[PDB]
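Asker: To start, I am sharing the structure in question, which I have written as structure tokens.
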Amino acid sequence: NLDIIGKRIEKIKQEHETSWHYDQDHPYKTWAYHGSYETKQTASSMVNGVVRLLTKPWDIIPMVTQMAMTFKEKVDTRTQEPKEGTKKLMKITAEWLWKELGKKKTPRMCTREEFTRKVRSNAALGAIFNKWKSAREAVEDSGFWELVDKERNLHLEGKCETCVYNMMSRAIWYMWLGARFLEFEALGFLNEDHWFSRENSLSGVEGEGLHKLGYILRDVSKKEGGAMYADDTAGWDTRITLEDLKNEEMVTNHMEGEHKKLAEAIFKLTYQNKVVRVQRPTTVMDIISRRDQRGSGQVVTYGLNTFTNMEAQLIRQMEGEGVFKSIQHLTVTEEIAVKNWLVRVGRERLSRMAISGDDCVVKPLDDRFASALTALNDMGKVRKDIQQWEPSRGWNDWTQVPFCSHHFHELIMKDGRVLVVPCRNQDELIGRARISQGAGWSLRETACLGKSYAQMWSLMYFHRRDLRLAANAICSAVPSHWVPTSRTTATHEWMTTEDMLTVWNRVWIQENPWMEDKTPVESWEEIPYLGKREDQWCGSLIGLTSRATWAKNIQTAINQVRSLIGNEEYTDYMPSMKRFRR
Ligand SMILES: [Zn+2]
Ligand SMILES: [Zn+2]
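Structure (structure tokens):
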């Protein structure tokens with residue numbers, strides 16, 4: 273308690289000693305509340323004008339246009365501690381899982397040099413701006432690294448001063479850039495060294511890319527077993543128990559020297575005890594604390610979510626196979642049985658899953674899994690939009706399963722070769738490309754973001770008639786040599806000035822392990838579309854009058870955007886499609 277958090281709290285109180293007070297009408301029940309001080313301040319969504327001018331039919335589609343307008357009453361909730369039988373299953377499974385992930389990997393510290401390179405190439409690290420302006424600036428100063436050096440030696444002493452969360471179905475907890483360095487130094491290896499790649503973790507998909515997820519779901523479908531289950535959890539981050547945080551900390555058992563101590567300190571001082579500043583309009590700054598729930602950097606959060614999800618789903622599979630009978634207490638021979646299951650079939654049962662953070666697909670041995678709910682509910686991983694004791698509804702067709710906000714189609718090329726392609730409702734794809742994050746964007750920067758969306762559509766969504774046409778239009782409207790950009794950077802093969810047909814061939818043919826015949830595709834016309842009815846089912850405007858006018862008059866929209874940007878070198882990509890090829 274206050275021995276671990278006091279120092280952080282005391283230090284803040286003293287920077288606002290002119291403002292402190294224990295407000296008696298604080299809303300917190302489940303958070304520990306400490307005090308309050310004086311502040312005043314808030317980045318809403320802006321429209322990308324290049325993308326919107328080239329998608330005019332969508333100006334009248336509420337699903338597109340509403341996306342651009344506009355539970356912190358779930359962050360204030362508590363989870364009960366699991367039963368003793370549940371706690372035993374989780375500790376045995378976690379122990380075994382860290383050993384498996386470790387067999388072919390070596391834990392290691394990430395470097396100033398690696399972190400400095402991350403900020404300089406614009407990753408979304410989720411830090412606060417104060418003493419320096421940007422993230423770039425503070426990285427190029429030595430005073431910073433003294434603050435870092437100071438906090439670091441405090442961590443080795445088992446103490447914390449400056450590692451505080453700032454709060455803001472999402473809630474991003476920004477930390478100061480220094481606190482993010484020390485997290486990245488201790489636990490960056492999980493992401494940097496691909497601990498959750500498919501090859502290493504068997505259930506994981508870290509770094510696989512959207513062009514491989516469909517093929518991975520089809521490979522899971524090839525296994526003998528029951529339906530495919532894809533239950534979402536209601537607010538996963540809010541349901542992470544202190545027992546979860548302690549089984550995650552067992553990765554430190556594979557570490558040594560300084561690393562082991564630095565990683566134990568992140569787990570002990572920042573994760574298993576947390577200090578958070580919240581704004582309350584009633588504008589005060591509330592200093593609250595608690596022990597449980599997820600608050601890490603977004604990237605370490607991904608890896609630990611994947612780990613704990615993999616653990617939860619193996620246990621649900623154990624329950625369906627009848628490996629154990631009660632969660633109240635594990636007998637001694639029930640333990641031996643669980644350990645024996647893990648050693649005997651654990652790796653085969655991991656290969657039956659696809660897991661991305663809080664998101665999962667499981668093809669269990671059979672449909673007993675559907676009603677195996679006691680361990681899952683008792684671990685606090687309660688399923689979204691279904692009654693707590695109602696059996697899961699599984700999918701019988703891999704092409705209908707949802708995963709990472711997508712579904713996957715089987716698409717046969719004119720030469721008989723088989724693509725497995727990602728897809729989602731086209732309104733969602735167009736509404737997102739029409740949004741820019743943050744203010745102060747030049748026309749040039751707005752255009753380069755449009756071009757990033759266009760190249761992603763050509764690579765991932767080429768099979769949607771409206772997106773191949775809009776992607777060609779945007780790339781015709783933006784100067785040919787201008788480089789695609791993004792402010793919060799899966800694998801991103803569309804982020805290049807290389808020719809998109811050359812990239813398409815590399816991604817879908819050359820480097821695609823499910824394609825035996827490596828014959829290159831010579832033109833965009835060899836590359837197929839979904840059937841027209843399927844394209845409509847997934848939101849195409851093909852067949853509407855608005856869409857026909859747009860398509861027919863596309864050169865006029867392209868010319869409007871070229872005139873705004875000015876006298877630059879442009880390419881006409883529209884003749885890459887049959888209907889504009891004269
Ligand atoms: Zn600290
Ligand atoms: Zn679709």
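The sequence shown maps to residues 273 to 314, 317 to 344, 355 to 413, 417 to 455, 471 to 584, 588 to 794, 799 to 891 in the entry's author numbering.
The beta carbon of each residue, even a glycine, is placed where N, CA and C say it ideally should be.
Is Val783 helix, strand or coil when you go by DSSP?
Answerer: Here residue 783 is taken as the residue at index 478 of the sequence shown, counted from 1. Here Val783 sits in coil by DSSP.
Asker: Who are the near neighbours of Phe399 in its chain, counting only those whose CB is closer than 7 Å to its CB and skipping five residues on each side?
Answerer: As a position in the sequence shown, residue 399 is number 115, starting the count at 1. If we look at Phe399 and ignore the five residues flanking it on each side, its Cβ neighbours are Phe483, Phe486.
Asker: From the DSSP output, in three-state form, read off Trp380 for me.
Answerer: Position 96 of the sequence shown, counting from 1, holds the residue named residue 380. If DSSP states are grouped into helix, strand and coil, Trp380 belongs with the helices.
Asker: How long is the line joining the alpha carbons of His561 and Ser747, rounded to whole angstroms?
Answerer: As a first step, residue 561 is located in the sequence shown; it is residue number 259 there, counting from the start. As a first step, residue 747 is located in the sequence shown; it is residue number 442 there, counting from the start. Cα to Cα, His561 sits roughly 43 Å from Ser747.
Asker: Ligand 1 heavy atoms versus the CB of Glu357: any closer than 6 Å?
Answerer: For the purposes of this step, residue 357 is identified with residue 73 of the sequence shown, where counting begins at 1. No - ligand 1 has no heavy atom lying nearer than 6 Å to the Cβ of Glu357.
Asker: Would you say the beta carbon of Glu438 comes nearer than 6 Å to a heavy atom of ligand 1?
Answerer: Indexing the sequence shown from 1 puts residue 438 at position 151. Indeed, a heavy atom of ligand 1 lies less than 6 Å from the Cβ.
Asker: Among the candidates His293, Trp787, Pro331, whose CA atom is the shortest distance from the CA of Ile863?
Answerer: Locating residue 863 in the sequence shown gives position 554, where the first residue counts as 1. The shortest C-alpha separation from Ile863 is found at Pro331.
Asker: Can you find at least 3 beta carbon pairs, one from the stretch 757-767 and one from the stretch 727-739, that sit closer than 8 Å?
Answerer: The stretch 757-767 vs the stretch 727-739: in contact.
Asker: Strictly by DSSP, which residues pair up with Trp700?
Answerer: Looking up residue 700 in the sequence shown gives position 395. Note: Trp700 sits in a beta bridge opposite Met530.
Asker: I think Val451 touches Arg579, with their Cβ atoms under 8 Å apart; what is that distance to the nearest whole Å?
Answerer: If you number the sequence shown from 1, residue 451 lands on position 164. If you number the sequence shown from 1, residue 579 lands on position 277. Sure, about 6 Å apart at Cβ, within 8 Å.
Asker: Please work out which residues of its chain come closer than 8 Å, Cβ to Cβ, to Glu616, disregarding the five sequence neighbours upstream and downstream, and give them in chain order.
Answerer: For this step, residue 616 is matched to residue 311 along the sequence shown. So the list reads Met374, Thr377, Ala378, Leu381, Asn549, once near-sequence residues are dropped.
Asker: Quick one: grab the DSSP three-state call for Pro829.
Answerer: Here residue 829 refers to the residue found at position 520 when the sequence shown is read from its first residue. If DSSP states are grouped into helix, strand and coil, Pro829 belongs with coil.
Asker: Whole angstroms is fine: what's the gap from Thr543's alpha carbon to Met684's?
Answerer: The residue labelled residue 543 in the question sits at position 241 within the sequence shown. The residue labelled residue 684 in the question sits at position 379 within the sequence shown. C-alpha separation (whole angstroms): 8 Å.
Asker: Report the option in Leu873, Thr329, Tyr838 whose CA atom is closest to the CA atom of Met886.
Answerer: Numbered from 1 along the sequence shown, position 577 holds the residue referred to as residue 886. Checking every option, the nearest Cα to that of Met886 belongs to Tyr838.
Asker: Let's test the definition: count the other Cβ atoms within 10 Å of the Cβ of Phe355 and tell me whether it reaches 16, buried, or not, exposed.
Answerer: Position 71 of the sequence shown, counting from 1, holds the residue named residue 355. With fewer than 16 other Cβ atoms within 10 Å, it is exposed.
Asker: To the nearest angstrom, how far is it from the Cα of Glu802 to the Cα of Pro727?
Answerer: On the sequence shown, position 493 is the one that residue 802 refers to. On the sequence shown, position 422 is the one that residue 727 refers to. Using only the alpha carbons, I get a separation of about 15 Å.
Asker: Using DSSP's beta-bridge definition, name the partner residues of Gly307.
Answerer: Within the sequence shown, numbered from 1, the residue matching residue 307 stands at position 35. Partner(s): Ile592.
Asker: From the DSSP output, in three-state form, read off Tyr476 for me.
Answerer: Here residue 476 corresponds to residue number 174 of the sequence shown, with the count starting at 1. Here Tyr476 sits in strand by DSSP.
Asker: Within the present structure, is the beta-carbon of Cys450 separated from the nearest heavy atom of ligand 1 by less than 6 Å?
Answerer: Against the sequence shown, residue 450 aligns to sequence position 163. For ligand 1, at least one heavy atom lies less than 6 Å from the Cβ of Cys450.
Asker: The alpha helix (DSSP H) that contains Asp436, what's its start and end?
Answerer: In the sequence shown, counting from the first residue as 1, residue 436 sits at position 149. Here the alpha helix (DSSP H) through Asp436 covers 429-443.
Asker: How long is the line joining the alpha carbons of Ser791 and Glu438, rounded to whole angstroms?
Answerer: Translated into positions along the sequence shown, residue 791 becomes position 486. Translated into positions along the sequence shown, residue 438 becomes position 151. Their Cα atoms are separated by approximately 32 Å.
Asker: With distances taken from CA atoms, which of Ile620, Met343, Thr314 is nearest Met455?
Answerer: As a position in the sequence shown, residue 455 is number 168, starting the count at 1. When each option's Cα is compared against that of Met455, the closest is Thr314.
Asker: Is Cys709 near ligand 2, going by C-beta to nearest heavy atom under 6 Å?
Answerer: Here residue 709 is taken as the residue at index 404 of the sequence shown, counted from 1. Because no heavy atom of ligand 2 lies under 6 Å away, the Cβ of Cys709 does not count as near it: no.
Asker: Does the beta-carbon distance from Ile836 to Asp844 come in below 7 Å?
Answerer: As a first step, residue 836 is located in the sequence shown; it is residue number 527 there, counting from the start. As a first step, residue 844 is located in the sequence shown; it is residue number 535 there, counting from the start. No, these two residues do not count as a Cβ contact at 7 Å.
Asker: Distance, Cα to Cα, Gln633 vs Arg520?
Answerer: Along the sequence shown, read from residue 1 onward, the residue named residue 633 stands at position 328. Along the sequence shown, read from residue 1 onward, the residue named residue 520 stands at position 218. If I take the Cα positions, the gap works out to 37 Å.
Asker: Looking only at its own chain, which residues have a Cβ that is under 6 Å from the Cβ of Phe889, when we skip the five neighbours before and after it?
Answerer: For the purposes of this step, residue 889 is taken as the residue at position 580 of the sequence shown. For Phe889, where only same-chain residues beyond five positions count, the Cβ hits under 6 Å are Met883.
Asker: When you compare the CB positions of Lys372 and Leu635, do they come within less than 7 Å of one another, or not?
Answerer: Counting from one through the sequence shown, the residue named residue 372 turns up at place 88. Counting from one through the sequence shown, the residue named residue 635 turns up at place 330. A contact, by the Cβ cut-off of 7 Å.
Asker: So, are the CB atoms of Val723 and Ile717 less than 7 Å apart?
Answerer: Residue mapping note: residue 723 aligns to position 418 of the sequence shown, counting from 1. Residue mapping note: residue 717 aligns to position 412 of the sequence shown, counting from 1. Yes. Within cutoff.
Asker: Can you tell me whether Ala738 is helix, strand or coil according to DSSP?
Answerer: On the sequence shown, residue 738 is found 433 positions in, with the first residue counted as 1. DSSP places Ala738 in helix when its eight states are reduced to three.
Asker: With C-beta atoms as the reference, is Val338 less than 7 Å away from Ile735?
Answerer: Translated into positions along the sequence shown, residue 338 becomes position 64. Translated into positions along the sequence shown, residue 735 becomes position 430. Yes, the pair counts as a contact, with Cβ atoms nearer than the cut-off.
Asker: So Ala532 and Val666 are supposed to be a Cβ contact under 8 Å. How far apart are they, rounded?
Answerer: Numbered from its first residue, the sequence shown carries residue 532 at position 230. Numbered from its first residue, the sequence shown carries residue 666 at position 361. Right, their Cβ atoms sit about 5 Å apart.
Asker: Return the CA-CA distance between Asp534 and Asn440, expressed in angstroms with no decimal places.
Answerer: Start at 1 with the first residue of the sequence shown, and residue 534 comes out as number 232. Start at 1 with the first residue of the sequence shown, and residue 440 comes out as number 153. Straight-line Cα distance between these residues: approximately 41 Å.
Asker: Determine, using beta carbons only, whether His556 and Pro391 come nearer to each other than 7 Å.
Answerer: Translated into positions along the sequence shown, residue 556 becomes position 254. Translated into positions along the sequence shown, residue 391 becomes position 107. In this structure, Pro391 lies closer than 7 Å to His556 by Cβ.
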